[PDB]
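Please read the structure below before turning to the comments.
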Amino acid sequence: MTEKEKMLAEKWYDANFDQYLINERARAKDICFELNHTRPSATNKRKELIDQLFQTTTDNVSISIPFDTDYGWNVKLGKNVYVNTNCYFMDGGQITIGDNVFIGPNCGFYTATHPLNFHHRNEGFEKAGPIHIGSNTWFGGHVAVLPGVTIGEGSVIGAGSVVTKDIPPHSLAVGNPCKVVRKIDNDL
Amino acid sequence: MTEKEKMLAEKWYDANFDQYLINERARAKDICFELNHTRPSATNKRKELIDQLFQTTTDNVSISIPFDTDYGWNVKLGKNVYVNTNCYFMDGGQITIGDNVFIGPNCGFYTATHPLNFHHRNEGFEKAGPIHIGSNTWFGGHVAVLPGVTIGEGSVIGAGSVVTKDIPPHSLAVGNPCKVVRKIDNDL
Amino acid sequence: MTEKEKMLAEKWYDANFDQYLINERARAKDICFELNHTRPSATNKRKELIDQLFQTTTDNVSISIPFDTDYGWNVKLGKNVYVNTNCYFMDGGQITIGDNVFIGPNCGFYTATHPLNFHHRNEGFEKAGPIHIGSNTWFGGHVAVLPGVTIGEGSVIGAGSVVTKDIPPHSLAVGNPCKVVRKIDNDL
Ligand SMILES: CC(C)(COP(=O)(O)OP(=O)(O)OC[C@H]1O[C@@H](n2cnc3c(N)ncnc32)[C@H](O)[C@@H]1OP(=O)(O)O)[C@@H](O)C(=O)NCCC(=O)NCCS
Ligand SMILES: CC(C)(COP(=O)(O)OP(=O)(O)OC[C@H]1O[C@@H](n2cnc3c(N)ncnc32)[C@H](O)[C@@H]1OP(=O)(O)O)[C@@H](O)C(=O)NCCC(=O)NCCS
Ligand SMILES: CC(C)(COP(=O)(O)OP(=O)(O)OC[C@H]1O[C@@H](n2cnc3c(N)ncnc32)[C@H](O)[C@@H]1OP(=O)(O)O)[C@@H](O)C(=O)NCCC(=O)NCCS
């Protein structure tokens, strides 16, 4: 397998020294830079950049600057997704975001693990753990979501949370580590 | 009431689809953008932008870039307020900052709540909870202050704190959630 | 002593009103601004700026934008140091970083303490507590490292950690406050 295929199959891959992945990260980063230096009221320019970054035709995806991602094409987005300032979608592992998602400022969605053993880590290896973000969710600011985590549909993550484990749907969860506090009444 | 008046009166308001608030947020964001792209040594330009953003004549308010706010005019500032890099004053609810305030880097002052019910939330409703920051205070970096929180005068908030409840004056408080650790001797 | 010499000797110094330190912070902040506004693929320009900022000839030090530091020359770097987006090396106290160091996004390395007494603090005084970062270390994103803290070689700091005390070598440590969870097998 290529190191890309490895990455996408949840296997250890050489994130650092693989030329194809290096170049793909460089593509995303230069688009992020342009976007981060595009005036917020330049609506069409920003939409075009966002669509180029994510390699998709977004439907009411609003990204406040600055924004960062590793690949861009490995973030799959629903409609009506509001991302406030200073978020980072580190998407070596796929980041799936549903519809009607409110993301607070300074949130990081982190799919990259490195080996704990420094000898393996220094050789460039990573393993990507996909993140799935349910539809109809809200994240407060300053949240980190760690590799492999799924947040169920209808759930609310409190500001400052570090989400180390999956959160069931219809749940209010807060803290470091993030723990479910109570169920949310999502009735019509 | 207009949605603005609702916002300012602590009532549920349509933050997302109200044109007047949309345009007011767009005003602030374009000023922030200009300020964030103004060389740090361009003293006068930065002061003029800051005064335009906050709609006031500031006295020794120093804002390190980047900075963000939603309205700008809903942040009321004392003199001698030092705001380090990457702070966000999300001021739908008023944010009152006293004199001689030191704000560390990456601090978020968050006044916005959304409904927990995703049906109400997806309709664009928010409720703003004012933040009051006492005079003679110090915030470490990476702090988040949540809606409705008052930090008393003379108090110190430790780096990484998530401040969910009011902090009494003359207090050292740290943690997630932030809790008072001890009293501070602020004697002359 | 000059206030610089005081700063570097772990004594209370006037950080705010000393002209020489003010001008040194202005040098670093204008280099950061240029760097933060240099296209990520402008490899040689970014290296020249990084070497100017740190006043050294770096060996495979890669800094993702944006980046911030107070002095630049008070950060001493090994080789193979990877710094992801939105870090702040607040280096009034020396920040020593070893070889083969992976630093996650939105990490703050904070050497500045202010007096707790608001009277002394408002007079501009600080005391700098050096940070030492071991070789062969990995920091997840959203980590704050507080003044005086040493992280031993071969150690891993989990995302969201607030590191208030020294962490021994060969350790996995996480949390707010950060606590050692287990030893890491770093064997060849
Ligand atoms: C969780 C949240 C939604 C508030 O929920 P809440 O249940 O009304 O808050 P409560 O008063 O019930 O707090 C319940 C307990 O949980 C704690 N708590 C609430 N939010 C917390 C958080 N984010 N982190 C840690 N603890 C938290 C409170 O300290 C409280 O402690 P107690 O056991 O002494 O009562 C809060 O994070 C919030 O407002 N988040 C969004 C803020 C924000 O980021 N806005 C910007 C994005 S729009
Ligand atoms: C709170 C602070 C001032 C340290 O204060 P301190 O007087 O050293 O407090 P202590 O170390 O006596 O605190 C006692 C306990 O609180 C804990 N603690 C201290 N700061 C903490 C924080 N920020 N978060 C969580 N726990 C903290 C310590 O781990 C200590 O644990 P113990 O039970 O093992 O003793 C620290 O947050 C700080 O320096 N903040 C500013 C650093 C910074 O952000 N600088 C950049 C902006 S200038
Ligand atoms: C700790 C970390 C490094 C991985 O370690 P890990 O082996 O999953 O941790 P463990 O499972 O041994 O730890 C056991 C406990 O620690 C908790 N934990 C793990 N990471 C944590 C974190 N960052 N903060 C708080 N708690 C954490 C778990 O909830 C678990 O609880 P339990 O034992 O009660 O179930 C995690 O932060 C991580 O994935 N870090 C990198 C993520 C990142 O930032 N990537 C971007 C930069 S590449």
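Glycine also receives a Cβ, built like all others from the backbone with ideal geometry; neighbour counts cover every protein chain displayed. Computed from the coordinates by the stated procedures, all read-outs in this text should not be read as laboratory data.
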Worksheet entry | chain C, relative contact order [Cα under 8 Å, separation at least 6], % | 14 percent
Item to complete: Before rounding to the nearest 500, sum -39500 (n - 2.57) across all DSSP H runs of length at least 4 in chain B and divide by the residue total; then give [θ] at 222 nm in deg cm²/dmol.
Response: -6500 deg cm²/dmol
Item to complete: List every residue whose amide H lies under 5 Å from the amide H of C:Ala159, counting only residues 5 or more places away in sequence or on a different chain, with H placed 1.01 Å from N in the peptide plane.
Response: C:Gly140, C:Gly141
Discussion item. Pairs on different chains or at least eight residues apart, Cα atoms closer than 21 Å: how many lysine pairs in chain B fit?
Written reply: 21
Discussion item. Cut-off 10 angstrom, C-alpha nodes, Gaussian network model of chain A. Which of A:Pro177, A:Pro168, A:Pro147 fluctuates the most?
Written reply: A:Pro177
Worksheet item: What residues qualify as long-range amide H neighbours of B:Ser171, i.e. H under 5 Å apart, gap of 5 or more or another chain, H built at 1.01 Å from N?
Response: B:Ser155, B:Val156, B:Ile184
Fill in: Whole-Hz couplings from phi, Karplus 6.51/-1.76/1.60, listed for region A:173-178; x for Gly and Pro
9, 9, x, 10, x, 5
Practice prompt. Please work out the Cα convex hull volume for the protein assembly as shown and give it in Å³ per residue.
Written response: 140 Å³
Worksheet item: Could you give the longest part of chain A that holds none of the trypsin sites (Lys or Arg not before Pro) found in DSSP loops with at most 15 neighbouring Cβ atoms within 10 Å?
Response: A:80-164
Practice prompt. Please identify, among A:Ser135, A:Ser41, A:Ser161, the residue showing maximal mean-square fluctuation in a Gaussian network model of chain A using a 10 angstrom Cα cutoff.
Written response: A:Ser41
Response to the item:
On each of the three principal axes the extent of the alpha-carbon atoms of region A:117-188, given in whole Å and largest first, is 53, 20, 17
Worksheet, complete the sentence: Taking every residue of A:32-44, the Cβ atoms of other protein chains inside 10 Å of its Cβ average out to 3
Worksheet item: Taking amide H positions as placed 1.01 Å from N in the peptide plane, with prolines and chain starts having none, which residues 5 or more places from B:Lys76, or on another chain, fall under 5 Å of its amide H?
Response: B:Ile95, B:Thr96, B:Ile97
Worksheet, complete the sentence: per DSSP, antiparallel bridges as share of beta bridges in the protein assembly as shown, % nearest 5, sits at 20 percent
Worksheet entry | Solution diffusion estimate, µm²/s, Stokes-Einstein, chain C, Kirkwood Rh from C-alpha pairs, 25 °C, viscosity 0.890 mPa s | 145 µm²/s
Discussion item. Can you tell me which of A:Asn106, A:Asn117, A:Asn23 moves the most in a GNM of chain A? Springs connect C-alpha atoms under 10 Å apart.
Written reply: A:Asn117
Worksheet, complete the sentence: Measuring from its Cα centre, the protein assembly as shown shows a charge dipole (+1 at each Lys and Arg Cβ, -1 at each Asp and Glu Cβ) which, in debye to the nearest 20, is 360 debye
Worksheet item: Considering only DSSP states other than H, G, I, E and B, which GluC sites (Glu not before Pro) in region C:113-188 qualify as loop sites with at most 14 other Cβ atoms within 10 Å?
Response: C:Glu123
Discussion item. Taking 2.2 N^0.38 Å as the expected size of a compact globular protein, what ratio does the Cα radius of gyration of region A:1-90 give against it, to two decimals?
Written reply: 1.14
